[PDB]
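Here is the structure we will look at, set down as structure tokens.
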Amino acid sequence: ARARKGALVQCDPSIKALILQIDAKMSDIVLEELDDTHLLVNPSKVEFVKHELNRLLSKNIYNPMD
Amino acid sequence: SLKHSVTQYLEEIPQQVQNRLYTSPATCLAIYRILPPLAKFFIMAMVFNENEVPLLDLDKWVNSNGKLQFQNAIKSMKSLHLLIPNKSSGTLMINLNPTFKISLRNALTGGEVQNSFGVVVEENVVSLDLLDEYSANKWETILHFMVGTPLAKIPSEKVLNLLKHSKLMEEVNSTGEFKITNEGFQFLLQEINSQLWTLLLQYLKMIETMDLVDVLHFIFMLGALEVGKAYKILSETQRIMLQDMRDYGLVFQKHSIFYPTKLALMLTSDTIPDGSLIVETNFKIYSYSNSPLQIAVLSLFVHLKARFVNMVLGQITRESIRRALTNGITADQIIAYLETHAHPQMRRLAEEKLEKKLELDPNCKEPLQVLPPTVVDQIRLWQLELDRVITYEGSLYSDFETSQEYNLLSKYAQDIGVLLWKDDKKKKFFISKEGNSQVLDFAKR
Amino acid sequence: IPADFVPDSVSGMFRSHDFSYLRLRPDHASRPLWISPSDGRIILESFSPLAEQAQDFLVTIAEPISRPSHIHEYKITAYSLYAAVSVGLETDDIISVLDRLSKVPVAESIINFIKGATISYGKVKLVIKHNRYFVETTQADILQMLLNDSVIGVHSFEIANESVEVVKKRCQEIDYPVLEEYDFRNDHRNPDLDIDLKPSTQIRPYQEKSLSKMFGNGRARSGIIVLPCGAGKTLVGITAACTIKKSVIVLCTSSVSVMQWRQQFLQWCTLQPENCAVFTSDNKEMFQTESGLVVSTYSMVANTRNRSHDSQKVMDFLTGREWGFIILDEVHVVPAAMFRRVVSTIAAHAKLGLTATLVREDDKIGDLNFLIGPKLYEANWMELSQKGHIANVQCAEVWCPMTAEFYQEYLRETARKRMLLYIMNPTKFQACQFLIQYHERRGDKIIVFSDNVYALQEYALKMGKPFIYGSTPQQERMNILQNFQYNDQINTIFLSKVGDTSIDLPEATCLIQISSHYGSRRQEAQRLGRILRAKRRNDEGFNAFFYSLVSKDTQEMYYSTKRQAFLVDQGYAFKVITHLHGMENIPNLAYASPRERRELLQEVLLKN
Ligand SMILES: [Mg+2]
């Protein structure tokens, strides 16, 4: 008896752990986890964590070339 | 698919409107140029003996080597309401459209043409220095407007409305600016006559009465016209769209005479080389092409350095690549531009090594990329690193009883386009929120 | 801008960059030259007439930014201008030649850059009158400009001889540069060392040109020469000594390499070890001949804080003897604290610094302006590769997918310990297991480089194969290398930060790396130089392999790309290996068991 609305994104183990890091530096946003290719996130904060993913790979590479 | 899009629009046009279009010799000549050589052969064979032929005679004449293209030609011929296949006396009596037939006959004989070739004034002027230069000026203005650099001579208001309403160069008024869509970049990648066909397709798609057959016939004799002569100013709607396409830079009109430029012939048919770009593992550009338009279109996805008379140089940056990817430009679009701007030396070496390796094996234990990948795959791996994800937001169910909801409400749902994700053995499949129309009733029943 | 030049609508991003205002001459076809008015970056066409003739002067007056297949990139610099005017090439002749070969009218900014690149050449000259720096001038005219500067302290005077190093920089800003061009034949006081060579040795033409660099006048011009690895740089130095023919010594901060160049020296030269000597951490015994050699190491001058009196007597002896020429090998480490003191201590009438790579972690390479002088000669990597003078190498990068558990532990790990944590992924073990299977199936000699000596030992012990790191007993080390080289049955070695250098192994043909410093471009290139001297380089079907196992989803991506960009600058791009064929076809994968992965993570956690 469980069928609840959520934003399911096909993902990777690495970006899954990044989503858990999002939870770590600001908690109780992302809701539950199915596997490495299926996580469930707050549908209000999907774009919040999208832009945080953007700054995540920005911190990952940062590609200066100046 | 350009002639295919034209034929598709003609088949969308209903039968009697089509037959009204088949009335005049210039329109019939244009459609004759559209049809494949087999259908052209069929209609020229029929046009001089007025005998309805059974289909079995055509089957006897046709060698089976070209049978597929034969079927394509006759299927277009039938669907364009141009053929009359009726199985009178049991066998399929075949008939060409008679209005089309007599108009082609009059065009070939030079009989009644009713100035569908053009209502002539024949007060010709020079076209190289007036018509071609005015066309080049106006088309340069609209091309740099479609580049995005500021320019004083903006396009007309109706074509501005065309860009606004159409998904082509979306004039995002919230940002207040025209913006390159992915469809806009496809439009940029298109051939010149392809771009012309796109423009007229959107304009005819949005224009309504402005009679439809007036648009069709007027455009077809516009394609049928020649260059550098004066002509009589025809219908009222044809005249007002004539002044409209005068504002497009297509015709040099002296407010009844008008002088159609080279673009009418361009619409009728097309026309270390120019545009042959040396690729580099150094990611430096040695183009064999220089124009202000060339710099304008290459600045969108390349850091450039300087312009010479044929070789404008610069450097591809990953910032420029990601800039293109964030502009809505497809990586497929970028690499397609790269095969349009390939260079002969690398092409010769790639062909020699292609024959050399096909002498060994087809597999070669490597992925397939015929052009030198050191310029390409370095971008393409980064282009593989562009999207590399997929997001579903909306309704989602799980833990089904069995596979009863995957071979008939997911295979037939695949045939109608209502679900978003298909995973039978997970017992979970995602659907779009708008595409919940016919997913959740046979699930209930 | 000598033009009206209404700008392009997209010439705004040509921010002082649209150089089409300056016209195109009709001689644009034959001539190859385009000129940047502001940056001075210089365009060379490879498929243009007389480009081969003009490229010599392009190197002489400009620096080469890049030389790819089609269009070479150069840049005028005051360093290369100083080198050209030191060779002797006057401004109007140079301007006439470049405009005669220039597709366009020449920018007066660059022209006056050349005009301002006019020095007082031949006007300041330091002479070492038996360990006494007498800073002569050719005229009293120089003295009036020189006396305006007051940092100091025909006409010479007292200078602190250590302060000569800094006042060379000072005279570089006040633009009266001294020159070092030894009149050894006119210096009859120093004893000559007349030593020749055998006719069986063959000098390659680039080595001949390098010998012509400091011998434009015959006086020994002092400077810099950097050449690719395995180019017979030892033989070039031996030839330079055999044509200088005076008292001379050789320096390099190692021991095994130094004794092997002693071997190589006394091998090809006609000089007997009677004239030769050696001074290092082990043995401190000199020759007593009037002329000869002390081949030696920086070790014996960089440390004087704690030395034996044997070391003290030897350094006293070598300081007392005034030498004519010195050789500075692997010069990329000398500008540090105790290391460039050797330049202050040693007074020789000619200098030359040598290294495989003239790159380091900082711009102390610019100190050679006031340390060892200008650059005399360089060779081209692609030129020697396609000529078969150096190897033709396939370069590959192998991205190891970072596993989930090591990834989350990596994210919760501290910064400087994250490196070992991403290195300990078992997917790297599986991939290198299949790769060593495939290349020993191919029968290749495979070499692994790791910065962590412990991790190198971990990989070697997991493979059940020998280990080579920084602090092992020497007899164990010679046992392993003897087995590998002489024994055909031993073929795969795991090297480290002492095995990348100080040994001579041209036998290397397949190289892998897993760890290095943050920005060790130079150390990375020293690692790659081991396979650069792969002598199987003339036959067709040869393609040497370089690999690099990098854990994905890391800033190791950034580190590896930043270090490997120097080799790309040399002309060595790295092919993609992300998904490979045969990952599953090998039956055993090292820690393919998830519980084995957990136990390995447990081990690295217990150490952490
Ligand atoms: Mg080597």
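Residues are referred to by chain and number: the chain letter is A, B, ... according to the order shown in the structure tokens, the number counts from 1 in that chain, and ligands are numbered separately from 1 in the order shown.
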Compute the set of chain B residues within 6 Å of chain C, using only C-alpha atoms, and express it as an MDAnalysis selection string.
chainID B and resid 296 306:308
So which residues of stretch 324-418 of chain B fall under strand (DSSP E or B) by DSSP, listed as a JSON list (two decimals) with C-alpha atoms, in the first residue's frame?
```
[["chain", "number", "residue", "atom", "x", "y", "z"],
["B", 390, "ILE", "CA", 17.60, 11.73, -18.15],
["B", 391, "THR", "CA", 15.00, 13.05, -15.69],
["B", 392, "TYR", "CA", 11.40, 11.95, -15.06],
["B", 393, "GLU", "CA", 9.14, 14.19, -12.97],
["B", 394, "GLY", "CA", 5.52, 13.21, -12.47],
["B", 396, "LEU", "CA", 5.06, 6.89, -10.82]]
```
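With only C-alpha atoms and all ligand atoms as the basis for measurement, C:392 is the residue among C:475, C:548, C:392, C:144 that approaches ligand 1 most closely.
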Contacts of ligand 1, 12 Å or closer, only C-alpha atoms and all ligand atoms, given as number ranges by chain:
C: 228-232, 356, 389-393, 447, 500-501, 503-511, 525-537, 544-546
Requested write-out: N, CA and C atoms of the selected residues, as a short mmCIF file (atom, residue, chain, number, x, y, z; two decimals), in the first residue's frame:
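Saved file again.cif follows:
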```cif
data_model
loop_
_atom_site.label_atom_id
_atom_site.label_comp_id
_atom_site.auth_asym_id
_atom_site.auth_seq_id
_atom_site.Cartn_x
_atom_site.Cartn_y
_atom_site.Cartn_z
N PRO C 228 65.55 16.42 -26.83
CA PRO C 228 64.74 15.28 -26.38
C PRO C 228 65.59 14.15 -25.80
N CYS C 229 64.92 13.26 -25.08
CA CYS C 229 65.60 12.16 -24.40
C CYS C 229 66.15 11.16 -25.40
N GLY C 230 67.33 10.62 -25.09
CA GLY C 230 67.96 9.63 -25.94
C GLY C 230 68.52 10.18 -27.23
N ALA C 231 68.75 11.49 -27.31
CA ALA C 231 69.27 12.12 -28.51
C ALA C 231 70.79 12.16 -28.56
N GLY C 232 71.46 11.38 -27.72
CA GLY C 232 72.91 11.43 -27.64
C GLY C 232 73.42 12.75 -27.11
N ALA C 356 66.59 17.42 -19.77
CA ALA C 356 65.61 16.85 -20.68
C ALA C 356 64.41 17.77 -20.87
N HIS C 389 64.75 9.56 -35.54
CA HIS C 389 65.79 9.86 -34.57
C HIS C 389 65.29 9.68 -33.15
N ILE C 390 63.99 9.87 -32.91
CA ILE C 390 63.35 9.42 -31.69
C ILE C 390 62.12 8.60 -32.08
N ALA C 391 61.44 8.07 -31.06
CA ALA C 391 60.41 7.07 -31.28
C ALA C 391 59.11 7.71 -31.79
N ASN C 392 58.26 6.86 -32.36
CA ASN C 392 56.90 7.20 -32.75
C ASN C 392 55.96 6.45 -31.81
N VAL C 393 55.31 7.18 -30.91
CA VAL C 393 54.65 6.61 -29.75
C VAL C 393 53.15 6.87 -29.83
N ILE C 447 55.72 -1.02 -17.77
CA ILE C 447 56.30 -0.21 -16.70
C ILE C 447 55.20 0.62 -16.04
N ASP C 500 62.19 6.95 -12.22
CA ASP C 500 61.94 7.73 -13.43
C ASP C 500 63.23 8.34 -13.97
N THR C 501 64.19 8.63 -13.10
CA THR C 501 65.46 9.22 -13.50
C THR C 501 66.59 8.40 -12.89
N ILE C 503 68.72 6.46 -13.88
CA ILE C 503 69.06 5.20 -14.51
C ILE C 503 68.81 5.35 -16.01
N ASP C 504 69.52 4.56 -16.81
CA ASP C 504 69.41 4.61 -18.26
C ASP C 504 68.82 3.30 -18.76
N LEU C 505 67.54 3.33 -19.14
CA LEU C 505 66.83 2.15 -19.65
C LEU C 505 66.12 2.48 -20.96
N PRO C 506 66.82 2.41 -22.10
CA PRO C 506 66.13 2.57 -23.39
C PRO C 506 65.21 1.41 -23.75
N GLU C 507 65.29 0.29 -23.03
CA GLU C 507 64.53 -0.92 -23.30
C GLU C 507 63.02 -0.75 -23.09
N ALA C 508 62.60 0.31 -22.39
CA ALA C 508 61.19 0.50 -22.09
C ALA C 508 60.39 0.82 -23.34
N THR C 509 59.25 0.14 -23.50
CA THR C 509 58.39 0.31 -24.66
C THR C 509 56.91 0.49 -24.34
N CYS C 510 56.43 0.03 -23.19
CA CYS C 510 55.04 0.19 -22.79
C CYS C 510 55.00 0.75 -21.37
N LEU C 511 54.38 1.92 -21.21
CA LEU C 511 54.47 2.65 -19.95
C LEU C 511 53.07 2.97 -19.44
N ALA C 525 56.95 14.37 -17.51
CA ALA C 525 57.71 14.28 -18.74
C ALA C 525 59.00 13.49 -18.54
N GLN C 526 59.61 13.58 -17.36
CA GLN C 526 60.76 12.74 -17.06
C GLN C 526 60.38 11.27 -17.00
N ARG C 527 59.18 10.97 -16.49
CA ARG C 527 58.66 9.61 -16.55
C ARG C 527 58.46 9.15 -17.99
N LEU C 528 57.89 10.02 -18.83
CA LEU C 528 57.66 9.66 -20.23
C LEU C 528 58.95 9.59 -21.04
N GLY C 529 60.02 10.24 -20.59
CA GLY C 529 61.28 10.19 -21.30
C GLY C 529 61.95 8.83 -21.30
N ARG C 530 61.49 7.91 -20.45
CA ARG C 530 62.06 6.57 -20.42
C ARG C 530 61.75 5.81 -21.70
N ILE C 531 60.53 5.94 -22.22
CA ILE C 531 60.17 5.30 -23.49
C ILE C 531 60.45 6.19 -24.69
N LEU C 532 60.86 7.44 -24.48
CA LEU C 532 61.21 8.31 -25.60
C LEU C 532 62.45 7.80 -26.33
N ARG C 533 63.39 7.20 -25.59
CA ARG C 533 64.58 6.61 -26.18
C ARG C 533 64.39 5.14 -26.54
N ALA C 534 63.17 4.73 -26.86
CA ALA C 534 62.95 3.41 -27.43
C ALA C 534 63.60 3.34 -28.80
N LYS C 535 64.68 2.56 -28.90
CA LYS C 535 65.50 2.58 -30.11
C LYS C 535 64.86 1.84 -31.28
N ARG C 536 63.90 0.96 -31.03
CA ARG C 536 63.12 0.37 -32.12
C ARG C 536 62.16 1.45 -32.61
N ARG C 537 62.65 2.28 -33.52
CA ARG C 537 61.93 3.47 -33.93
C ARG C 537 62.03 3.76 -35.42
N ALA C 544 54.96 2.64 -30.01
CA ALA C 544 55.10 2.50 -28.57
C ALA C 544 53.82 2.94 -27.87
N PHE C 545 53.53 2.30 -26.74
CA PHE C 545 52.28 2.50 -26.04
C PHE C 545 52.53 3.19 -24.71
N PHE C 546 51.73 4.22 -24.42
CA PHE C 546 51.71 4.84 -23.11
C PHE C 546 50.29 4.79 -22.58
#
```
Which of these residues is nearest to chain B, using only C-alpha atoms: A:30, A:19, A:24, A:39?
A:39
Pick out the chain A residues within 7 Å of chain C. Count only C-alpha atoms. Give them as a ChimeraX atom specification.
/A:13-14,17,60-61
